[PDB]
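> The following block contains the structure, expressed as structure tokens.
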Amino acid sequence: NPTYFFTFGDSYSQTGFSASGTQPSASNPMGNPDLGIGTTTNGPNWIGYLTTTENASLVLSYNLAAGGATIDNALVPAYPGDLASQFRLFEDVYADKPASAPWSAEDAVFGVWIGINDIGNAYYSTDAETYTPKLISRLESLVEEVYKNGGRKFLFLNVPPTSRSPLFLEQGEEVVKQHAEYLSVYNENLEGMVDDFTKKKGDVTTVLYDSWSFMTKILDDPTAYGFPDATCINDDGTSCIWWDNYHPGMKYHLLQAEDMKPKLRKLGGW
């Protein structure tokens with residue numbers, strides 16, 4: 001009795017899963033590539049840990065996240081594999097519940113982690129108060145496509161403090177602040193959307209995971225989590241928070257997955 005975990009997002013979530021590669025099964029829950037390959041962490045990422053370490057029952061991961069993704073290239077553009085394109089890949093391959101992924105409302109969980117690159121690319125050129133509702137509305141319309149397919153269980157991760165990644169720290173404190181203030185508005189509007197969606201539909205189970213506060217706790221007291229400081233980079237993924245100047249390592253992702261597990265119990269796989 002598996003949970004079908006369809007995930008959408010950017011390089012904080014990518015694993016290199018191909019829809020034409022080996023598909024998920026009980027003996028191989030990630031499908032492809034091997035667990036711990038294809039990420040920006042030097043090992044598993046939060047999806048790999050949720051699927052194979054923190055899972056309370058069988059979880060099958062169909063991870064459509066793509067590096068660099070923004071929500072929709074008609075809004076903030078970046079790479080072809082935007083969130084809209086990931087939803088289209090889902091609609092093309094899995095939405096009709098094929099034999100390879102015969103999901104139902106009771107056992108499918110749709111996880112979305114998006115907005116890092118929308119904010120990263122547009123925080124200085126757009127007005128957060130009037131522009132982020134457009135991004136959030138487009139996210140909502142994509143979510144509605146899955147809802148129309150029969151999806152009813154949703155996991156949304158808000159945007160973490162990438163304002164304090166080394167990449168942004170080196171641009172100066174006022175840039176950190178400009179980025180952080182924009183991001184806060186985005187996350188407030190994300191929360192309002194998820195709340196409104198949940199109430200309006202009445203038949204969905206939703207989790208809004210506050211990755212922002214969790215990462216911030218670690219950045220504010222890194223040694224409490226076994227990290228020497230909040231700024232060092234190490235591509236072993238465990239010695240520092242940061243695997244490179246813009247992505248956290250596998251140790252951070254494991255800590256986040258462990259923090260998420262109790263919050264995901266209501267979604268059925270945890």
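Here's how to read the names in the structure tokens: chain A, B, ... by the order shown, residue numbers from 1 in each chain, ligand numbers from 1 in the order shown.
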Can you check which residues of range 6-247 of chain A DSSP gives as helix (DSSP H, G or I) on the backbone and send them as number ranges by chain?

A: 46-52, 83-93, 116-122, 128-149, 162-164, 166-169, 173-201, 211-220, 222-225

> Write the residues of the selection above to a file with C-alpha atoms, as an mmCIF file, in the first residue's frame.


data_model
loop_
_atom_site.group_PDB
_atom_site.id
_atom_site.type_symbol
_atom_site.label_atom_id
_atom_site.label_comp_id
_atom_site.auth_asym_id
_atom_site.auth_seq_id
_atom_site.Cartn_x
_atom_site.Cartn_y
_atom_site.Cartn_z
ATOM 1 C CA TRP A 46 15.249 15.919 1.638
ATOM 2 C CA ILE A 47 13.126 13.869 -0.786
ATOM 3 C CA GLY A 48 15.478 10.915 -0.683
ATOM 4 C CA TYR A 49 15.495 11.051 3.109
ATOM 5 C CA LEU A 50 11.688 11.434 3.316
ATOM 6 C CA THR A 51 11.268 8.504 0.934
ATOM 7 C CA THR A 52 13.764 6.025 2.311
ATOM 8 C CA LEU A 83 7.384 24.468 -12.492
ATOM 9 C CA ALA A 84 4.776 24.781 -15.251
ATOM 10 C CA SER A 85 6.790 22.333 -17.382
ATOM 11 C CA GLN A 86 7.100 19.917 -14.467
ATOM 12 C CA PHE A 87 3.330 19.914 -14.080
ATOM 13 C CA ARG A 88 3.045 19.280 -17.818
ATOM 14 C CA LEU A 89 5.393 16.312 -17.515
ATOM 15 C CA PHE A 90 3.152 15.055 -14.695
ATOM 16 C CA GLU A 91 0.040 15.600 -16.843
ATOM 17 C CA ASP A 92 1.677 13.773 -19.762
ATOM 18 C CA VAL A 93 2.949 10.721 -17.872
ATOM 19 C CA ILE A 116 13.898 30.249 -4.388
ATOM 20 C CA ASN A 117 14.832 31.162 -7.954
ATOM 21 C CA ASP A 118 11.799 33.391 -8.597
ATOM 22 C CA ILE A 119 12.916 35.518 -5.653
ATOM 23 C CA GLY A 120 16.618 35.127 -6.458
ATOM 24 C CA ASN A 121 16.060 36.444 -9.980
ATOM 25 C CA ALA A 122 13.467 39.139 -9.325
ATOM 26 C CA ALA A 128 7.083 42.139 -3.775
ATOM 27 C CA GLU A 129 3.655 43.339 -2.600
ATOM 28 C CA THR A 130 2.127 43.449 -6.101
ATOM 29 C CA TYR A 131 4.337 40.951 -7.951
ATOM 30 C CA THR A 132 4.473 37.968 -5.580
ATOM 31 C CA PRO A 133 0.654 37.501 -5.691
ATOM 32 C CA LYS A 134 1.102 36.861 -9.426
ATOM 33 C CA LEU A 135 3.692 34.123 -8.776
ATOM 34 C CA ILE A 136 1.533 32.615 -6.025
ATOM 35 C CA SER A 137 -1.599 32.739 -8.193
ATOM 36 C CA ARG A 138 0.237 30.887 -10.964
ATOM 37 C CA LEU A 139 1.417 28.282 -8.444
ATOM 38 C CA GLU A 140 -2.192 27.890 -7.336
ATOM 39 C CA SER A 141 -3.424 27.348 -10.888
ATOM 40 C CA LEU A 142 -0.808 24.637 -11.384
ATOM 41 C CA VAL A 143 -1.961 23.002 -8.134
ATOM 42 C CA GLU A 144 -5.501 23.141 -9.481
ATOM 43 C CA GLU A 145 -4.449 20.951 -12.444
ATOM 44 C CA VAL A 146 -3.448 18.159 -10.059
ATOM 45 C CA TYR A 147 -6.626 18.779 -8.062
ATOM 46 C CA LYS A 148 -8.631 18.254 -11.240
ATOM 47 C CA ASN A 149 -6.726 14.980 -11.785
ATOM 48 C CA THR A 162 18.849 31.765 0.785
ATOM 49 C CA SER A 163 19.449 35.450 1.587
ATOM 50 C CA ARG A 164 22.087 34.040 3.989
ATOM 51 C CA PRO A 166 27.353 32.617 0.915
ATOM 52 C CA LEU A 167 26.335 33.638 -2.619
ATOM 53 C CA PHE A 168 24.089 36.367 -1.252
ATOM 54 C CA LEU A 169 26.179 37.213 1.814
ATOM 55 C CA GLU A 173 24.241 43.158 3.844
ATOM 56 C CA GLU A 174 21.838 45.544 2.129
ATOM 57 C CA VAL A 175 21.361 43.020 -0.689
ATOM 58 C CA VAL A 176 20.822 40.276 1.870
ATOM 59 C CA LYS A 177 18.197 42.533 3.437
ATOM 60 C CA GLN A 178 16.505 43.443 0.132
ATOM 61 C CA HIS A 179 16.323 39.776 -0.820
ATOM 62 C CA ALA A 180 15.156 38.707 2.656
ATOM 63 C CA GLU A 181 12.380 41.328 2.784
ATOM 64 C CA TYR A 182 11.090 40.288 -0.642
ATOM 65 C CA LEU A 183 11.221 36.641 0.369
ATOM 66 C CA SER A 184 9.230 37.284 3.526
ATOM 67 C CA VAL A 185 6.398 38.792 1.447
ATOM 68 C CA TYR A 186 6.465 35.797 -0.908
ATOM 69 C CA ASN A 187 6.252 33.361 2.010
ATOM 70 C CA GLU A 188 3.356 35.265 3.621
ATOM 71 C CA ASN A 189 1.447 35.116 0.355
ATOM 72 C CA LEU A 190 2.295 31.434 -0.064
ATOM 73 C CA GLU A 191 0.832 30.730 3.374
ATOM 74 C CA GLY A 192 -2.317 32.689 2.584
ATOM 75 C CA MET A 193 -2.763 30.774 -0.669
ATOM 76 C CA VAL A 194 -2.316 27.379 0.978
ATOM 77 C CA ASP A 195 -4.780 28.374 3.703
ATOM 78 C CA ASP A 196 -7.328 29.688 1.185
ATOM 79 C CA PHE A 197 -6.959 26.640 -1.054
ATOM 80 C CA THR A 198 -7.378 24.258 1.885
ATOM 81 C CA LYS A 199 -10.508 26.019 3.148
ATOM 82 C CA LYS A 200 -12.106 26.562 -0.277
ATOM 83 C CA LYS A 201 -11.710 22.926 -1.419
ATOM 84 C CA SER A 211 11.632 25.535 6.047
ATOM 85 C CA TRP A 212 12.434 29.204 6.549
ATOM 86 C CA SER A 213 12.213 29.056 10.331
ATOM 87 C CA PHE A 214 14.001 25.675 10.506
ATOM 88 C CA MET A 215 16.990 26.725 8.430
ATOM 89 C CA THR A 216 17.067 30.073 10.234
ATOM 90 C CA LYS A 217 17.350 28.258 13.594
ATOM 91 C CA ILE A 218 20.389 26.371 12.341
ATOM 92 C CA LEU A 219 21.979 29.456 10.759
ATOM 93 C CA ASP A 220 21.472 31.325 14.029
ATOM 94 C CA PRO A 222 25.034 26.315 13.880
ATOM 95 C CA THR A 223 27.145 24.626 16.554
ATOM 96 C CA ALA A 224 23.997 23.308 18.237
ATOM 97 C CA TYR A 225 23.529 21.257 15.079
#

> Where does range 95-127 of chain A meet range 2-11 of chain A within 9 Å, residue by residue, with the nearest atom pair and distance in Å to one decimal for each, counting only C-alpha atoms, listed by chain and rising number, as JSON lines?


{"residue": "A:101", "atom": "CA", "partner": "A:4", "partner_atom": "CA", "distance": 7.3}
{"residue": "A:102", "atom": "CA", "partner": "A:4", "partner_atom": "CA", "distance": 8.5}
{"residue": "A:103", "atom": "CA", "partner": "A:4", "partner_atom": "CA", "distance": 6.3}
{"residue": "A:104", "atom": "CA", "partner": "A:4", "partner_atom": "CA", "distance": 8.7}
{"residue": "A:106", "atom": "CA", "partner": "A:3", "partner_atom": "CA", "distance": 8.6}
{"residue": "A:107", "atom": "CA", "partner": "A:3", "partner_atom": "CA", "distance": 4.9}
{"residue": "A:108", "atom": "CA", "partner": "A:4", "partner_atom": "CA", "distance": 4.6}
{"residue": "A:109", "atom": "CA", "partner": "A:5", "partner_atom": "CA", "distance": 4.9}
{"residue": "A:110", "atom": "CA", "partner": "A:6", "partner_atom": "CA", "distance": 4.9}
{"residue": "A:111", "atom": "CA", "partner": "A:7", "partner_atom": "CA", "distance": 4.5}
{"residue": "A:112", "atom": "CA", "partner": "A:8", "partner_atom": "CA", "distance": 4.8}
{"residue": "A:113", "atom": "CA", "partner": "A:9", "partner_atom": "CA", "distance": 4.7}
{"residue": "A:114", "atom": "CA", "partner": "A:9", "partner_atom": "CA", "distance": 5.0}
{"residue": "A:115", "atom": "CA", "partner": "A:9", "partner_atom": "CA", "distance": 8.4}
{"residue": "A:116", "atom": "CA", "partner": "A:10", "partner_atom": "CA", "distance": 7.9}
{"residue": "A:117", "atom": "CA", "partner": "A:10", "partner_atom": "CA", "distance": 7.8}

> Got a sec: who's within 8 Å of residue 269 in chain A, counting only C-alpha atoms, leaving out chain neighbours fewer than 4 positions off, as a compact mmCIF listing (two decimals) with C-alpha atoms, in the first residue's frame?


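The result, written out as part27.txt:
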# COMPACT_ATOMS: atom_id res chain seq x y z
CA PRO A 2 2.39 2.67 -1.21
CA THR A 3 2.27 6.43 -1.00
CA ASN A 55 9.16 6.90 5.83
CA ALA A 56 6.72 5.05 8.06
CA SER A 57 5.47 2.88 5.17
CA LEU A 58 6.33 2.40 1.52
CA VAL A 59 6.82 5.70 -0.29
CA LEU A 264 3.92 14.92 7.49
CA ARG A 265 2.16 12.19 9.49

> Taking only C-alpha atoms into account, which of A:63, A:151, A:268, A:35 comes nearest residue 18 in chain A?

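Of the candidates, the smallest distance to residue 18 in chain A is held by A:63.
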
> Mind pulling up the distance from CA of residue 12 in chain A to CA of residue 155 in chain A?

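Spanning CA of residue 155 in chain A to CA of residue 12 in chain A is a straight-line distance of 15.2 Å.
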
> Would you mind telling me which residue in A:233, A:75, A:157, A:267 lies nearest to residue 41 in chain A when using only C-alpha atoms?

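Between A:233, A:75, A:157, A:267, the residue approaching residue 41 in chain A most closely is A:233.
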
> Using only C-alpha atoms, can you tell me which of A:40, A:245, A:239, A:256 comes closest to residue 170 in chain A?

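Smallest separation from residue 170 in chain A among the options: A:245.
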
> Give me, please, the distance in Å between CA of residue 236 in chain A and CA of residue 13 in chain A, quoted to one decimal.

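Separation between CA of residue 236 in chain A and CA of residue 13 in chain A: 17.7 Å.
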